[PDB]
Amino acid sequence: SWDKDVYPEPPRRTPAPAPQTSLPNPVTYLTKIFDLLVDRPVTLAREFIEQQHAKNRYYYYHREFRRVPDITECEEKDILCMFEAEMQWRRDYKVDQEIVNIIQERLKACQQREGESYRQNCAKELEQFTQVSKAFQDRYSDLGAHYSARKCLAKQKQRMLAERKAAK
Amino acid sequence: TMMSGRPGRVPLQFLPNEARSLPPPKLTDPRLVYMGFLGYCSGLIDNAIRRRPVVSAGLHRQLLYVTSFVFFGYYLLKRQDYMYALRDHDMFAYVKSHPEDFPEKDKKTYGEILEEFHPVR
């Protein structure tokens, strides 16, 4: 049920069977035996369980957090606003970690899927992960074990001052 | 020192009439319950010292211990609250009377303030 856009997979191109020999193919008969002995019972069991699940269907919801004022707009020593903003920053930290995870999963799946042509046919995913890794490292790397919204803000300010100096 | 010379302090008075404005300590206060616990421990120790049954002997004596400790603790808590309230009253009055010594400070948001980032590398 996973979204294809979030988890892209290249279209599957499977060569058609083109036997050139009289000898029976063992894999075909073994696979038919597997289908009959295993796949059919498994499919029937899953059919029964899915019927049971459909009999009592209940839903769970994905929580939505409204955006709250950031640390930049929080006054000094304003522990309420600082607490709200820091919790928001931590949630965003987790979300960015998950984003990096998704891109890395794309990377590994591409490495496996392409095969011996991984170096060339996986370039786009590698570029995506390179961009994401650079962004993530700049935003969150080196903050330390006691990472806080204030420290990330200070790092961003340091980076911006360095950029202004580069502007000269 | 400190509150000893506070103007208007009647000598050798445990609770001034001003304290009555403050809410009385609740009889279910945890501090008073702990005072009663101290009384119970005192009764148990008395029984142990006199070699009586520790937890069953002298129930009247243990009751007297607990009641005396709770009785004194109620007034002690009332006086403590009165003294802290007097401290807060005087502190706020002094802050109001000396605005220059306690100036309001401009509030700068974290965006404006610059705090140096020390990388943990």
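Cut-offs and rules
- Residues numbered from 1 in each chain as written, not as in the entry; some residues may be left out.
- Chains lettered and ligands numbered in written order.
- Part of a larger assembly, values for the part shown.
- Heavy atoms only, no water.
- UniProt positions renumbered as here; feature names shortened; annotations may be inferred.
- Helix = DSSP H or I, 4+ residues; strand = E, 2+ residues; numbered from the N terminus.
- Rg over C-alpha atoms; globule rule 2.2 N^0.38 Å.
- Buried < 20%, exposed > 50% of the residue type's maximum accessible area, 1.4 Å probe, protein only.
- Contact = heavy atoms within 4.5 Å.
- Axes fitted to C-alpha atoms, helices over the stretch in contact; angles between N-to-C directions.
- Left-handed = near helix turned anticlockwise from the far one by under 90°.
- Nonpolar A, V, L, I, M, F, W, Y, C, P; charged D, E, K, R; others polar.
- Salt bridge = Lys/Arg side-chain N within 4 Å of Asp/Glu carboxyl O.
- Patch = residues over 30% accessible without salt bridge, like charges linked within 9 Å, V, L, I, M, F, W, Y side chains within 5 Å.
- Areas by Shrake-Rupley, 256 points an atom, 1.4 Å probe, with all protein chains shown as cover.
- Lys, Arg positive; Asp, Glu negative; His and termini not counted.
- Charge placed at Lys NZ, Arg CZ, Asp CG, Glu CD.
- Expected span 1.5 Å × (residues − 1).
- Core = buried A, V, L, I, M, F, W, Y, C linked by side-chain atoms within 4.5 Å.
- Buried area = accessible area lost by both parts, 1.4 Å probe.
- Polar contact = N/O pair within 3.5 Å; in protein donor to acceptor, adjacent residues only side chain to side chain.

- Per the PDB entry, chain B goes by NADH dehydrogenase [ubiquinone] 1 subunit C2 and derives from Sus scrofa.
- In its PDB record the entry is named "Respiratory supercomplex I III".
- Within the UniProt record for chain B, the comment given under Sequence similarities (unreviewed entry) is "Belongs to the complex I NDUFC2 subunit family."

- As recorded by the PDB entry, chain A carries the name NADH dehydrogenase [ubiquinone] 1 beta subcomplex subunit 10 and is attributed to Sus scrofa.
- Turning to chain A, the UniProt annotation filed under Function (unreviewed entry) states: "Accessory subunit that is involved in the functional assembly of the mitochondrial respiratory chain complex I. Complex I has an NADH dehydrogenase activity with ubiquinone as an immediate electron acceptor and mediates the transfer of electrons from NADH to the respiratory chain."

1. Examining the overall build of chain A
No. 1: Counting its secondary structure elements, chain A contains 5 helices and 0 strands.
No. 2: Element order for chain A, N to C, with α for helix and β for strand: α-α-α-α-α.
No. 3: Against the globule reference of 15 Å for 168 residues, chain A gives a C-alpha radius of gyration of 26 Å, more extended than a compact globule.
No. 4: Here chain A holds 168 residues, and the buried ones make up 15% of them.
No. 5: The long-range fraction of contacts in chain A, counting pairs at least 24 apart against all pairs at least 6 apart in sequence, stands at 51%.

2. Some details on the packing of helix α1 (residues 30-49) of chain B against helix α2 (residues 59-97) of chain B
Geometry of a packed helix pair, given as the angle between the helix axes and the separation of the axes.
Residues and elements named next belong to chain B.
No. 1: Viewed as axis vectors pointing N to C, α1 and α2 meet at an angle of 145°, and their least axial separation amounts to 8 Å. In this structure, α1 meets α2 at a crossing whose hand is right-handed. Two secondary-structure elements touch here, α1 through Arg31, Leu32, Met35, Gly36, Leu38, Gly39, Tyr40, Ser42, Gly43, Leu44, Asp46 and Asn47 and α2 through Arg61, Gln62, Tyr65, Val66, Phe69, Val70, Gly73, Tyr74, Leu77, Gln80 and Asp81.
No. 2: Here the residues of the contact of α1 with α2 sort into 11 nonpolar, 8 polar and 4 charged.

3. Describing the pattern of salt bridges
No. 1: Counted according to the given criterion, the structure contains 12 salt bridges over all chains.
No. 2: Here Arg113 of chain A ties to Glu114 of chain A by a salt bridge, and the two come within 3.7 Å at their closest N and O atoms.
No. 3: The class of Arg113 of chain A is partly exposed, set by a relative accessible area of 34%.
No. 4: Across the pair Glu125 of chain A and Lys124 of chain A runs a salt bridge whose closest N-O atoms are separated by 3.0 Å.
No. 5: Within the structure, one salt-bridge network assembled from shared partners comprises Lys26, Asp29, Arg31 and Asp81 of chain B.

4. Description of a positive patch on the surface
No. 1: A contiguous patch of positive charge on the surface is contributed by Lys77 of chain A together with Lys105, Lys107 and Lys108 of chain B.
No. 2: Examined against the element boundaries, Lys107 of chain B turns out to sit in the segment after α2.

5. Some points on helix α5 (residues 149-167) of chain A
Because the α-helix completes a turn every 3.6 residues, residues three or four places apart line up on one side.
All names here are of chain A.
No. 1: Its 19 residues place the ends of α5 27 Å apart at the C-alpha level, agreeing with the 27 Å of an ideal helix rising 1.5 Å per residue.
No. 2: Those residues of α5 that fall on the buried side of the exposure criterion are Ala149, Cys152, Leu153, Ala154, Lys155 and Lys157.
No. 3: Buried positions along α5 lie against α2 (79-114) and α4 (123-140).
No. 4: With its phi angle positive at about 75°, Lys168 sits one or two positions after the end of α5.

6. Some points on the nonpolar core
No. 1: Core analysis: the largest hydrophobic core is formed by 15 residues, its most contacted members being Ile71, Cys74, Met82, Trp89 and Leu143 of chain A together with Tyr110 of chain B.
No. 2: Going through the elements one at a time, α2 and α5 of chain A are the ones with two or more residues in this core.
No. 3: With residues up to four places along the chain from it excluded, the contact list for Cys74 of chain A reads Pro69, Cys81, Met82 and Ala85 of chain A together with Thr109 and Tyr110 of chain B.
No. 4: In terms of nonpolar packing, the next biggest core, distinct from the first, is built from 5 residues, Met3, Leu15, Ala19 and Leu86 of chain B among them.

7. A closer look at unusual backbone geometry
No. 1: With a phi angle near 75°, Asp142 of chain A is a residue other than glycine that sits in the positive phi range.
No. 2: Mapped onto the elements of the fold, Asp142 of chain A is located in the loop between α4 and α5.
No. 3: Positive phi outside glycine occurs at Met2 of chain B, with the angle close to 55°.
No. 4: In this fold, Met2 of chain B is placed in the segment before α1.

8. Let's talk about the interface of chain B and chain A
No. 1: Each partner contributes to the interface: chain B provides 14 residues, whereas chain A provides 19 residues.
No. 2: Across the interface of chain B and chain A, roughly 1,500 Å² is buried in total on both sides, 54% from carbon and sulfur atoms.
No. 3: It is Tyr110, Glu115 and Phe117 of chain B that lose the most area in chain B upon contact with chain A, and together they represent 51% of the buried surface on that side.
No. 4: On the surface where chain B and chain A come into contact, there are 2 salt bridges.
No. 5: Across the pair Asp142 of chain A and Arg121 of chain B runs a salt bridge, and its minimum N-O distance is 3.4 Å.
No. 6: Inspection of the chain B/chain A interface yields 13 residue pairs in polar contact.
No. 7: By residue class, the composition of the side of chain B that touches chain A is 6 nonpolar, 2 polar and 6 charged.

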